[PDB]
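K.L.:
Below: one structure in structure tokens.
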Amino acid sequence: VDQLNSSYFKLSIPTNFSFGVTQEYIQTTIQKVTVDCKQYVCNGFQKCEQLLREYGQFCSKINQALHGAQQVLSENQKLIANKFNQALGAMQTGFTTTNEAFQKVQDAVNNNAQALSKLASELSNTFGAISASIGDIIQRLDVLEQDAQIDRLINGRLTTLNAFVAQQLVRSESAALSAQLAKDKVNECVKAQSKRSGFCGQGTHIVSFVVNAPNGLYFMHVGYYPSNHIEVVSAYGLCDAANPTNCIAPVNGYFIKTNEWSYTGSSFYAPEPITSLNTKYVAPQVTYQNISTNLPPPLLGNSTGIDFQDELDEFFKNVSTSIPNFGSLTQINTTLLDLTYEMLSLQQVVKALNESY
Amino acid sequence: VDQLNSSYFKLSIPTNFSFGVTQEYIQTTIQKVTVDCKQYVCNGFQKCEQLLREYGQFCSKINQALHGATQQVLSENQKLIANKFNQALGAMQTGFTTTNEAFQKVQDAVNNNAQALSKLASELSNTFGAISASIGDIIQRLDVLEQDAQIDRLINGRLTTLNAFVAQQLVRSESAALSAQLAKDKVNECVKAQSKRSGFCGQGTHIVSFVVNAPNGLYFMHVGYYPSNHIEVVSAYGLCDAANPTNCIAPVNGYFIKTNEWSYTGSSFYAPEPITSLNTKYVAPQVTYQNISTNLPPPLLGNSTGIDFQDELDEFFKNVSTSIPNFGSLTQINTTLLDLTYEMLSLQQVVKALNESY
Amino acid sequence: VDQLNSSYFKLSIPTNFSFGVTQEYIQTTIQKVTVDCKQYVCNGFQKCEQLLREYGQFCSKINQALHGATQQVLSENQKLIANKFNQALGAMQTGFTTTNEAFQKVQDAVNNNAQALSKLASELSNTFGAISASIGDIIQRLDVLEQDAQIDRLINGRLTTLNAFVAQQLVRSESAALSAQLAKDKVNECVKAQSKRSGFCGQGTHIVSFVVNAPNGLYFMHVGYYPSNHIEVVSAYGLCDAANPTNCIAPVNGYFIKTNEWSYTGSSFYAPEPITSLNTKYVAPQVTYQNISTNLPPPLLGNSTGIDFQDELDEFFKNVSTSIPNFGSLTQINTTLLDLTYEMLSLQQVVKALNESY
Ligand SMILES: *[C@@H]1O[C@H](CO)[C@@H](O)[C@H](O)[C@H]1NC(C)=O
Ligand SMILES: *[C@@H]1O[C@H](CO)[C@@H](O)[C@H](O)[C@H]1NC(C)=O
Ligand SMILES: *[C@@H]1O[C@H](CO)[C@@H](O)[C@H](O)[C@H]1NC(C)=O
Ligand SMILES: *[C@@H]1O[C@H](CO)[C@@H](O)[C@H](O)[C@H]1NC(C)=O
Ligand SMILES: *[C@@H]1O[C@H](CO)[C@@H](O)[C@H](O)[C@H]1NC(C)=O
Ligand SMILES: *[C@@H]1O[C@H](CO)[C@@H](O)[C@H](O)[C@H]1NC(C)=O
Ligand SMILES: *[C@@H]1O[C@H](CO)[C@@H](O)[C@H](O)[C@H]1NC(C)=O
Ligand SMILES: *[C@@H]1O[C@H](CO)[C@@H](O)[C@H](O)[C@H]1NC(C)=O
Ligand SMILES: *[C@@H]1O[C@H](CO)[C@@H](O)[C@H](O)[C@H]1NC(C)=O
Ligand SMILES: *[C@@H]1O[C@H](CO)[C@@H](O)[C@H](O)[C@H]1NC(C)=O
Ligand SMILES: *[C@@H]1O[C@H](CO)[C@@H](O)[C@H](O)[C@H]1NC(C)=O
Ligand SMILES: *[C@@H]1O[C@H](CO)[C@@H](O)[C@H](O)[C@H]1NC(C)=O
Ligand SMILES: *[C@@H]1O[C@H](CO)[C@@H](O)[C@H](O)[C@H]1NC(C)=O
Ligand SMILES: *[C@@H]1O[C@H](CO)[C@@H](O)[C@H](O)[C@H]1NC(C)=O
Ligand SMILES: *[C@@H]1O[C@H](CO)[C@@H](O)[C@H](O)[C@H]1NC(C)=O
Ligand SMILES: *[C@@H]1O[C@H](CO)[C@@H](O)[C@H](O)[C@H]1NC(C)=O
């Protein structure tokens with residue numbers, strides 16, 4: 001033919017063979033695994049045990065997936081009497097006011113005192129209650145702060161369980177395909193001679209005893225392998241004719257050119273004339289290309305979709321506490337009633353009165 | 001034979017073949033990947049870097065899994081005033097004495113009240129500032145706790161995508177690894193030898209197959225003949241031609257066909273040849289043994305999961321309502337307004353009346 | 001040859017075959033799955049709806065991975081008392097004047113105390129109400145933070161199961177994809193042609209096969225001959241010059257057997273035929289080359305993990321003990337019991353005695 005390349009392709013046919021023994025262990029066993037989350041995820045600070053209980057039934061589901069695998073003097077007396085009458089009346093009136101005012105003062109100062117006493121007592125109780133509310137808030141705040149770190153670690157260990165459950169899930173299927181290879185070799189090798197090369201020994205198979213082994217079957221295949229390979233120009237196919245019309249194609253062996261064309265088998269360079277036994281008439285060089293390919297996809301780029309900051313900004317609230325200092329004034333500077341020592345000066349007046357006595 | 005269906009089965013046997021070239025790339029390479037968790041999970045707000053540090057050694061373990069891949073009387077009048085004077089003078093001292101004692105007593109007490117107002121006020125101011133100190137710190141500590149949680153929810157969210165992406169990189173890696181066994185198999189059963197099995201290197205049979213190394217995997221330009229026009233004939237699942245199944249003949253290396261009586265043929269060509277002991281291995285007397293066998297895989301991701309979130313949340317959730325309390329207080333100090341002390345001015349008027357009266 | 005074991009190896013060669021039918025379903029379909037994370041992870045208390053929004057694009061990425069799949073003296077007598085009276089009268093006003101000044105001074109001061117008590121009390125009430133406002137809001141904000149965390153633990157709990165279920169749906173999808181290659185392989189090397197290899201379609205060789213499309217995958221009914229009673233004979237791995245080996249004969253297309261001397265036979269039948277150049281490709285002089293090779297996979301999920309939780313928690317954990325404090329206070333406002341003002345009543349008696357005396 002005249003394919004994409006020239007008719008000439010060069011092949012190495014096998015001149016001599018040597019016997020080859022291959023010992024192979026195809027593994028067919030992976031012990032099933034039970035994940036006890038309270039133990040694997042933690043079992044340490046019991047804070048983890050309680051915290052995991054809130055976490056959920058993750059353990060049940062992960063295990064489901066894995067289980068799948070004279071008269072004037074008298075007038076002077078009257079003058080004294082008039083002075084006395086005025087003085088006596090005045091003394092009582094001033095004293096009467098003194099009595100009224102001091103009496104009024106006593107109730108008022110006492111009223112002030114009770115007021116001071118009551119306010120202080122209530123003040124003490126309110127503050128203690130302020131302490132009670134504030135004290136509990138702090139402890140409740142502390143459990144909330146301490147719990148979070150135990151929460152971040154539990155979540156961290158759980159991220160490793162999901163990845164390890166994935167490794168155990170991928171290892172289990174991988175072994176399962178391996179048992180189909182092992183079933184296949186047992187049927188197409190131990191129980192029969194296998195035409196396909198490379199499926200039990202390099203070169204063809206002349207037997208294949210198998211034995212069971214610790215987790216999987218160990219097969220001691222035995223067969224011949226090629227040793228020295230002769231090389232000859234050969235034709236992809238010989239369209240015998242002057243360019244394409246009707247053509248001959250090698251069947252069971254490449255068509256080779258001696259050192260003209262002569263047929264040979266794949267096993268041995270055994271030149272034999274090209275005859276209708278070795279050829280199935282192929283078409284007139286209808287060489288049909290059929291490109292086909294096999295592919296897989298990779299998705300874990302290191303960066304990820306976006307930077308953390310943009311993602312955090314759409315939902316994050318920077319949140320600044322409106323810290324406040326409760327407003328207060330020390331307006332009660334003093335109540336220093338003073339110079340009451342003038343009462344001592346009034347006492348000096350009493351001393352003059354005592355001297356008058 | 002008389003199998004589950006009638007002896008008749010219709011087979012299309014090849015009449016003319018045409019040459020065919022397949023160019024095939026079997027991929028045998030996936031770069032191993034290293035996950036830098038501080039960078040993948042963040043490297044952004046450093047809040048993630050500190051927060052992830054508490055998160056743990058998740059990075060180390062995930063990497064292990066991925067790395068796996070009348071003168072006297074006048075005197076008596078004076079004596080009468082003098083007796084009034086004796087009583088009055090004594091009375092004046094006593095009233096003044098009480099006045100001195102009371103005002104003195106009042107001064108110490110009012111001053112005692114003053115210290116009391118002063119001390120309580122000062123202590124009150126200090127306690128409040130401390131109330132502010134404790135309350136102020138609590139709020140800031142509360143704020144870090146609220147702000148940290150959102151950064152914590154996002155870190156967990158990015159980590160959930162890593163476990164799924166480490167799983168895709170783990171599944172892709174084994175999938176390529178089986179693919180290299182196909183590539184090893186084709187290299188051994190195709191490039192290095194002619195392969196009897198059809199469909200393993202070229203449609204139809206194979207007459208050569210040169211491999212070449214390619215960017216990540218081997219590229220094989222296999223060449224072989226493919227069937228082009230297929231003739232069709234009634235054929236028999238194999239039968240002795242005998243009336244009653246005592247023993248029967250089974251086609252070997254080719255189907256048995258009926259011409260337009262029975263004649264043998266190969267799989268490659270409708271080359272009729274008489275049925276002879278060369279083409280047949282004697283099969284048993286119609287012991288047609290059925291053997292149903294099947295291959296299955298399981299689907300587990302139903303959209304809704306085991307239970308609704310609310311029931312799951314209720315068994316452990318506490319609705320939790322803060323027992324908010326307003327500290328109880330009373331404004332009982334309505335007033336201390338001593339008033340009508342103006343009567344002291346009235347007393348002053350009384351003093352004024354007798355001042356200069358003598 | 002003289003391989004690791006002795007030349008002798010015992011083989012069972014088929015004597016009679018019986019017809020065998022296998023019905024096989026190779027599954028080639030796994031419906032693709034779309035995960036609605038708001039529904040799967042939550043759908044419940046809308047707290048899980050809003051909280052998940054903080055988690056971010058976990059849903060988008062997981063979906064990408066899954067989508068990948070004497071007359072004068074008398075006047076003087078009274079006058080001398082009157083002279084004392086003149087001082088006494090003036091003194092009485094002077095004492096009263098002090099009384100007026102002091103009581104006036106007291107009034108302003110006691111009123112100064114009154115304002116002090118009133119102002120402090122009012123301010124005290126306002127500050128406390130504000131203490132209640134700040135403390136009250138903190139508690140409610142504390143409550144949302146505690147309540148949100150439990151919804152956060154459960155949402156993160158359900159999200160952990162999604163990562164494992166997305167991994168099972170991802171592993172099932174590739175596993176089906178390899179299965180379609182088996183199905184493509186059987187269709188090309190079985191339904192479209194007779195297959196030399198045993199095992200690909202029917203125990204024993206294959207004499208025809210018909211596929212038929214089935215609910216999710218192809219159901220192939222295959223028919224072929226299968227061996228029934230197998231004769232056993234001593235056979236030789238290979239046969240040499242029956243001496244120190246110079247060159248040897250190796251069975252080709254069939255084992256070499258010893259009768260009850262050596263005689264060749266095919267794999268299909270114990271048909272003894274003399275060893276001849278047709279059945280032997282000359283092998284080398286017992287160059288028996290061993291080539292040990294094996295297939296292995298690795299297991300990583302030991303129950304324990306790298307370290308106990310406590311050590312891991314300790315390196316980063318802060319036990320954190322709240323410095324709870326009780327704001328310091330003193331109840332020093334002892335009763336200001338001004339008392340014994342009853343002496344004012346005693347002073348009143350003094351006035352009464354002289355008012356009567358007048
Ligand atoms: C294959 O054929 C092309 C087209 O004639 C030719 O250019 C090329 O030299 C041939 N192959 C090689 C690599 O020699
Ligand atoms: C290969 O076979 C030939 C002919 O039997 C023989 O001359 C040669 O020694 C053998 N060995 C080698 C070197 O391949
Ligand atoms: C040569 O090939 C041509 C087509 O390029 C064809 O038409 C012609 O018949 C062929 N010649 C012969 C007789 O082989
Ligand atoms: C990491 O991501 C950056 C940006 O996509 C890229 O430049 C770099 O090559 C990536 N490395 C790997 C090995 O993925
Ligand atoms: C919050 O504000 C600070 C500056 O006070 C800034 O540095 C920080 O990045 C902000 N946080 C956010 C919104 O990421
Ligand atoms: C003061 O009064 C007392 C009691 O009436 C009296 O005994 C005494 O003599 C008086 N003293 C003077 C200074 O006259
Ligand atoms: C197939 O080959 C035969 C024999 O050469 C020939 O008679 C027949 O016409 C060919 N058919 C086609 C499709 O050319
Ligand atoms: C989702 O799961 C439910 C069972 O929980 C099932 O009935 C339904 O078909 C699934 N898909 C849809 C369409 O919601
Ligand atoms: C909490 O109580 C409110 C009001 O009764 C209710 O609407 C809400 O669903 C409850 N949350 C839960 C599930 O505890
Ligand atoms: C002041 O308030 C108290 C509260 O107990 C009340 O008993 C008292 O009568 C009030 N005084 C005035 C001035 O009304
Ligand atoms: C009375 O008081 C007035 C005003 O201070 C003064 O002018 C007068 O001298 C006083 N008289 C006597 C003697 O007390
Ligand atoms: C096998 O067939 C032979 C005749 O070919 C017969 O004698 C024998 O009974 C059959 N049974 C066995 C041993 O499989
Ligand atoms: C015979 O055996 C001896 C020792 O193994 C060895 O030196 C000699 O080459 C052998 N001859 C052959 C080829 O049989
Ligand atoms: C499981 O746990 C035990 C606890 O003693 C430990 O010794 C063992 O290594 C772990 N591995 C197994 C058997 O899964
Ligand atoms: C924290 O302190 C408590 C009380 O001392 C102790 O029992 C607990 O184990 C500590 N937790 C850790 C691991 O920090
Ligand atoms: C005061 O003196 C007056 C003089 O008329 C008299 O009526 C009154 O009863 C006296 N009061 C007392 C209690 O001394």
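To be explicit about the labels: the chains of the structure tokens are called A, B, and onward in the order shown, and within each one the residues are counted from 1, while ligands get numbers from 1 in the order they are shown.
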Can you tell me which residues sit at most 8 Å away from ligand 1, counting only C-alpha atoms and all ligand atoms, written as a ChimeraX atom specification?
P.N.:
/A:4-6
K.L.:
Can I get the selected residues back with C-alpha atoms, as a short mmCIF file (atom, residue, chain, number, x, y, z; two decimals), in the first residue's frame?
P.N.:
```cif
data_model
loop_
_atom_site.label_atom_id
_atom_site.label_comp_id
_atom_site.auth_asym_id
_atom_site.auth_seq_id
_atom_site.Cartn_x
_atom_site.Cartn_y
_atom_site.Cartn_z
CA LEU A 4 0.93 7.92 5.53
CA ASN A 5 4.54 6.69 5.43
CA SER A 6 6.24 4.79 2.60
#
```
K.L.:
Please identify every polymer residue within 12 Å of ligand 4, using only C-alpha atoms and all ligand atoms, and present the set as a list in words.
P.N.:
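Using only C-alpha atoms and all ligand atoms, everything at most 12 Å from ligand 4 comes to residues 298, 299, 300, 301, 302, 303, 304, 305, 306 and 307 of chain A; 30, 31, 32, 33, 34, 35, 36, 39, 40 and 169 of chain B.
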K.L.:
Please determine the contact residues of chain C with respect to chain A at a cut-off of 6 Å, counting only C-alpha atoms, and supply them as a ChimeraX atom specification.
P.N.:
/C:84,88,91,95,109,113,116,153-154,157,161,164,198-199,283-284,287-295,301,303-304,309-310,324,326,333,335-336,344,351
K.L.:
Could those selected residues go to a file with N, CA, C and O atoms, as a compact mmCIF listing (two decimals), in the first residue's frame?
P.N.:
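The result, stored in result_10.txt:
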```txt
# COMPACT_ATOMS: atom_id res chain seq x y z
N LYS C 84 -26.30 95.91 133.74
CA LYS C 84 -26.07 94.49 133.39
C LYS C 84 -27.07 94.13 132.29
O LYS C 84 -26.69 93.42 131.35
N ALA C 88 -26.69 92.57 128.72
CA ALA C 88 -27.45 91.32 128.48
C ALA C 88 -28.34 91.51 127.26
O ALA C 88 -28.42 90.58 126.44
N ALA C 91 -26.19 91.50 124.26
CA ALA C 91 -25.63 90.14 124.08
C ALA C 91 -26.73 89.25 123.51
O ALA C 91 -26.44 88.45 122.62
N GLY C 95 -26.08 86.99 120.35
CA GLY C 95 -26.22 85.53 120.24
C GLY C 95 -27.22 85.21 119.15
O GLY C 95 -26.94 84.31 118.34
N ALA C 109 -26.03 75.32 103.27
CA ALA C 109 -25.22 74.09 103.26
C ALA C 109 -26.13 72.87 103.19
O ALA C 109 -25.84 71.96 102.40
N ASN C 113 -26.17 70.17 100.37
CA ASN C 113 -26.17 68.70 100.52
C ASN C 113 -27.35 68.15 99.72
O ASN C 113 -27.19 67.12 99.07
N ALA C 116 -26.66 67.93 96.27
CA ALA C 116 -25.63 66.91 96.05
C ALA C 116 -26.35 65.57 96.00
O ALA C 116 -26.14 64.82 95.04
N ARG C 153 -21.42 23.75 63.89
CA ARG C 153 -20.87 22.38 63.97
C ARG C 153 -21.73 21.48 63.09
O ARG C 153 -21.14 20.75 62.30
N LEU C 154 -23.05 21.56 63.15
CA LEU C 154 -23.82 20.59 62.32
C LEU C 154 -23.57 20.86 60.84
O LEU C 154 -23.33 19.90 60.13
N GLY C 157 -20.59 19.35 59.91
CA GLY C 157 -20.73 17.88 59.97
C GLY C 157 -21.34 17.30 58.71
O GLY C 157 -20.79 16.33 58.19
N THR C 161 -19.74 14.79 55.28
CA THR C 161 -20.35 13.62 54.59
C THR C 161 -20.48 13.91 53.10
O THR C 161 -20.29 12.98 52.34
N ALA C 164 -17.17 12.97 51.42
CA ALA C 164 -17.08 11.50 51.28
C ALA C 164 -18.08 10.99 50.24
O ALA C 164 -17.70 10.13 49.47
N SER C 198 -9.61 -17.75 25.71
CA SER C 198 -10.73 -18.31 26.50
C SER C 198 -11.11 -17.29 27.56
O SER C 198 -10.28 -16.46 27.87
N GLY C 199 -12.32 -17.32 28.10
CA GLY C 199 -12.58 -16.38 29.20
C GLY C 199 -13.21 -15.08 28.76
O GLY C 199 -14.02 -14.54 29.53
N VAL C 283 14.38 -24.00 21.21
CA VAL C 283 14.63 -22.99 22.26
C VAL C 283 16.12 -23.00 22.56
O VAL C 283 16.84 -23.74 21.89
N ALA C 284 16.56 -22.19 23.52
CA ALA C 284 18.00 -22.07 23.81
C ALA C 284 18.43 -23.18 24.73
O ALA C 284 17.59 -23.99 25.13
N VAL C 287 18.52 -21.82 28.82
CA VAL C 287 18.79 -20.50 29.43
C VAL C 287 17.45 -20.17 30.08
O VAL C 287 16.64 -19.47 29.45
N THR C 288 17.22 -20.71 31.27
CA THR C 288 15.97 -20.44 31.99
C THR C 288 16.14 -19.12 32.74
O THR C 288 16.80 -19.12 33.79
N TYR C 289 15.54 -18.04 32.25
CA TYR C 289 15.76 -16.72 32.87
C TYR C 289 14.60 -16.42 33.79
O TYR C 289 13.52 -16.21 33.27
N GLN C 290 14.83 -16.35 35.10
CA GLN C 290 13.75 -15.98 36.06
C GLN C 290 13.44 -14.49 35.91
O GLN C 290 14.35 -13.74 35.53
N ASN C 291 12.19 -14.09 36.12
CA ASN C 291 11.87 -12.65 36.07
C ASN C 291 10.78 -12.36 37.09
O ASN C 291 9.68 -12.02 36.66
N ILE C 292 11.10 -12.40 38.38
CA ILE C 292 10.08 -12.06 39.41
C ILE C 292 9.53 -10.66 39.19
O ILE C 292 10.33 -9.73 39.05
N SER C 293 8.21 -10.52 39.20
CA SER C 293 7.52 -9.21 39.04
C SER C 293 6.23 -9.32 39.85
O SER C 293 5.71 -10.42 39.93
N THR C 294 5.73 -8.23 40.42
CA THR C 294 4.53 -8.37 41.30
C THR C 294 3.64 -7.14 41.16
O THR C 294 4.10 -6.16 40.56
N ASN C 295 2.41 -7.20 41.68
CA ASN C 295 1.45 -6.06 41.60
C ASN C 295 1.01 -5.68 43.01
O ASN C 295 0.58 -6.58 43.73
N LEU C 301 -5.45 4.07 55.93
CA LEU C 301 -6.38 4.49 57.03
C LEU C 301 -6.24 3.63 58.29
O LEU C 301 -7.13 2.80 58.53
N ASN C 303 -6.62 3.17 62.29
CA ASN C 303 -7.63 3.88 63.12
C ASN C 303 -7.04 5.05 63.90
O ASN C 303 -7.72 6.07 63.98
N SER C 304 -5.83 4.93 64.45
CA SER C 304 -5.27 5.97 65.37
C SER C 304 -4.98 7.35 64.80
O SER C 304 -5.23 8.30 65.55
N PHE C 309 -5.25 13.43 70.35
CA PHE C 309 -5.82 14.79 70.20
C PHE C 309 -5.20 15.71 71.24
O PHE C 309 -4.86 16.84 70.88
N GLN C 310 -5.00 15.22 72.47
CA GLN C 310 -4.55 16.15 73.55
C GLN C 310 -3.22 16.80 73.20
O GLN C 310 -3.11 18.02 73.38
N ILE C 324 -12.44 36.55 86.17
CA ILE C 324 -13.74 37.07 86.65
C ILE C 324 -13.43 38.05 87.78
O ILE C 324 -12.58 37.73 88.62
N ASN C 326 -15.20 40.86 90.83
CA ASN C 326 -16.40 41.51 91.42
C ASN C 326 -16.01 42.97 91.63
O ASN C 326 -14.99 43.21 92.31
N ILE C 333 -21.92 54.06 104.24
CA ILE C 333 -22.84 55.20 104.50
C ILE C 333 -23.65 54.88 105.76
O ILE C 333 -24.84 54.56 105.63
N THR C 335 -25.82 55.29 109.20
CA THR C 335 -26.97 56.20 109.38
C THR C 335 -26.48 57.50 109.99
O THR C 335 -25.81 57.45 111.03
N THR C 336 -26.83 58.62 109.36
CA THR C 336 -26.48 59.94 109.92
C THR C 336 -27.62 60.33 110.86
O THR C 336 -28.37 61.26 110.54
N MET C 344 -34.10 70.88 122.00
CA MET C 344 -34.84 72.06 121.51
C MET C 344 -36.13 72.16 122.33
O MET C 344 -36.51 73.28 122.70
N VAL C 351 -38.15 78.87 127.56
CA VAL C 351 -38.93 80.04 127.05
C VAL C 351 -40.28 80.06 127.78
O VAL C 351 -40.71 81.14 128.19
```
K.L.:
Which residues of chain C are close to chain B, meaning at most 6 Å apart when you count only C-alpha atoms, and how do they look as a ChimeraX atom specification?
P.N.:
/C:17-26,40,42,44-45,55,58,78,93,100,111,114,132,136,140,163,165,188-189,316,333,338,347,350
K.L.:
Hey, can you spit out that residue selection with C-alpha atoms as an mmCIF file, in the first residue's frame?
P.N.:
```cif
data_model
loop_
_atom_site.group_PDB
_atom_site.id
_atom_site.type_symbol
_atom_site.label_atom_id
_atom_site.label_comp_id
_atom_site.auth_asym_id
_atom_site.auth_seq_id
_atom_site.Cartn_x
_atom_site.Cartn_y
_atom_site.Cartn_z
ATOM 1 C CA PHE C 17 -16.340 -30.531 25.921
ATOM 2 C CA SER C 18 -20.031 -29.480 26.504
ATOM 3 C CA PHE C 19 -21.867 -26.407 25.098
ATOM 4 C CA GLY C 20 -22.166 -23.392 27.452
ATOM 5 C CA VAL C 21 -24.301 -20.173 27.347
ATOM 6 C CA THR C 22 -23.463 -17.122 29.483
ATOM 7 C CA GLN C 23 -25.762 -14.048 29.767
ATOM 8 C CA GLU C 24 -23.700 -11.050 30.896
ATOM 9 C CA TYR C 25 -24.663 -7.381 31.605
ATOM 10 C CA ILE C 26 -21.706 -4.967 31.387
ATOM 11 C CA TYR C 40 -28.396 18.883 50.738
ATOM 12 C CA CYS C 42 -29.271 22.603 54.771
ATOM 13 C CA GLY C 44 -33.775 23.235 57.222
ATOM 14 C CA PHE C 45 -33.555 26.013 59.825
ATOM 15 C CA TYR C 55 -18.994 29.022 53.720
ATOM 16 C CA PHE C 58 -17.896 24.824 48.300
ATOM 17 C CA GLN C 78 -32.218 98.936 139.414
ATOM 18 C CA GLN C 93 -29.193 90.139 120.083
ATOM 19 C CA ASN C 100 -29.274 83.978 112.369
ATOM 20 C CA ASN C 111 -29.559 72.676 100.671
ATOM 21 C CA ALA C 114 -29.694 68.296 99.107
ATOM 22 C CA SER C 132 -28.079 47.619 81.616
ATOM 23 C CA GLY C 136 -28.089 43.586 77.850
ATOM 24 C CA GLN C 140 -27.915 38.873 73.232
ATOM 25 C CA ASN C 163 -16.975 15.313 50.678
ATOM 26 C CA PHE C 165 -20.227 11.044 49.174
ATOM 27 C CA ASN C 188 -14.975 -5.733 19.211
ATOM 28 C CA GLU C 189 -13.255 -9.018 20.274
ATOM 29 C CA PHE C 316 -1.979 25.717 70.295
ATOM 30 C CA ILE C 333 -22.843 55.197 104.500
ATOM 31 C CA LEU C 338 -28.729 63.489 114.091
ATOM 32 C CA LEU C 347 -35.002 75.017 125.290
ATOM 33 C CA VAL C 350 -36.962 77.591 129.247
#
```
K.L.:
Please report the interatomic distance between atom CA of residue 232 of chain B and atom CA of residue 214 of chain C in Å with one decimal.
P.N.:
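Distance reported for this atom pair: 24.6 Å.
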K.L.:
Give me, as a PyMOL selection string, the set of residues whose atoms come within 8 Å of any atom of ligand 7, counting only C-alpha atoms and all ligand atoms.
P.N.:
(chain A and resi 281+283) or (chain B and resi 15-16+228-229)
K.L.:
Convert the current residue selection to file output with N, CA and C atoms, as a short mmCIF file (atom, residue, chain, number, x, y, z; two decimals), in the first residue's frame.
P.N.:
```cif
data_model
loop_
_atom_site.label_atom_id
_atom_site.label_comp_id
_atom_site.auth_asym_id
_atom_site.auth_seq_id
_atom_site.Cartn_x
_atom_site.Cartn_y
_atom_site.Cartn_z
N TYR A 281 -7.10 -11.42 0.36
CA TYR A 281 -7.02 -10.25 -0.56
C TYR A 281 -7.65 -9.05 0.11
N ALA A 283 -8.38 -4.69 0.17
CA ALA A 283 -9.01 -3.83 -0.85
C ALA A 283 -7.97 -3.04 -1.61
N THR B 15 -16.40 -10.64 3.89
CA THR B 15 -16.18 -10.98 2.47
C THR B 15 -14.95 -10.27 1.88
N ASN B 16 -14.82 -8.94 1.99
CA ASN B 16 -13.60 -8.21 1.51
C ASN B 16 -13.07 -7.30 2.61
N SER B 228 -14.81 -5.15 5.35
CA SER B 228 -15.49 -4.04 4.63
C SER B 228 -16.91 -4.41 4.20
N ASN B 229 -17.10 -5.53 3.52
CA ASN B 229 -18.50 -5.93 3.19
C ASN B 229 -18.78 -7.26 3.86
#
```
K.L.:
Please measure the separation of atom CA of residue 232 of chain A and atom 4 (C, counted along the ligand's line) of ligand 3, giving the value in Å to one decimal.
P.N.:
28.4 Å
K.L.:
Residues within 9 Å of ligand 3 should be enumerated using only C-alpha atoms and all ligand atoms and returned as an mmCIF file with N, CA, C and O atoms, in the first residue's frame.
P.N.:
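Done, and the output landed in result_27.cif:
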```
data_model
loop_
_atom_site.group_PDB
_atom_site.id
_atom_site.type_symbol
_atom_site.label_atom_id
_atom_site.label_comp_id
_atom_site.auth_asym_id
_atom_site.auth_seq_id
_atom_site.Cartn_x
_atom_site.Cartn_y
_atom_site.Cartn_z
ATOM 1 N N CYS A 239 0.663 -4.495 -2.196
ATOM 2 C CA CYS A 239 -0.437 -4.385 -3.179
ATOM 3 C C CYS A 239 0.121 -4.854 -4.504
ATOM 4 O O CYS A 239 0.367 -4.006 -5.365
ATOM 5 N N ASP A 240 0.282 -6.164 -4.658
ATOM 6 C CA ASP A 240 0.966 -6.593 -5.895
ATOM 7 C C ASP A 240 0.167 -6.050 -7.074
ATOM 8 O O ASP A 240 -0.997 -6.467 -7.204
ATOM 9 N N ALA A 241 0.816 -5.247 -7.921
ATOM 10 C CA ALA A 241 0.215 -4.576 -9.097
ATOM 11 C C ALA A 241 1.148 -3.389 -9.346
ATOM 12 O O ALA A 241 2.066 -3.197 -8.532
ATOM 13 N N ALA A 242 0.954 -2.629 -10.418
ATOM 14 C CA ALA A 242 1.786 -1.421 -10.592
ATOM 15 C C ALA A 242 1.030 -0.262 -9.960
ATOM 16 O O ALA A 242 0.318 0.419 -10.710
ATOM 17 N N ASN A 243 1.166 -0.069 -8.647
ATOM 18 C CA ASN A 243 0.376 0.967 -7.923
ATOM 19 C C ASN A 243 -1.006 0.343 -7.636
ATOM 20 O O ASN A 243 -1.281 -0.730 -8.199
ATOM 21 N N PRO A 244 -1.904 0.919 -6.810
ATOM 22 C CA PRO A 244 -3.145 0.221 -6.437
ATOM 23 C C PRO A 244 -4.252 -0.182 -7.417
ATOM 24 O O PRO A 244 -4.666 0.646 -8.192
ATOM 25 N N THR A 245 -4.694 -1.441 -7.356
ATOM 26 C CA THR A 245 -5.866 -1.942 -8.126
ATOM 27 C C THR A 245 -6.513 -2.981 -7.211
ATOM 28 O O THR A 245 -7.634 -2.739 -6.761
ATOM 29 N N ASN A 246 -5.839 -4.114 -6.984
ATOM 30 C CA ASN A 246 -6.293 -5.140 -6.004
ATOM 31 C C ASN A 246 -5.021 -5.531 -5.263
ATOM 32 O O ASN A 246 -3.982 -5.580 -5.922
ATOM 33 N N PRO A 284 -8.406 -2.178 -2.540
ATOM 34 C CA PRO A 284 -7.449 -1.494 -3.376
ATOM 35 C C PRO A 284 -6.868 -0.319 -2.608
ATOM 36 O O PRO A 284 -7.249 0.792 -2.885
#
```
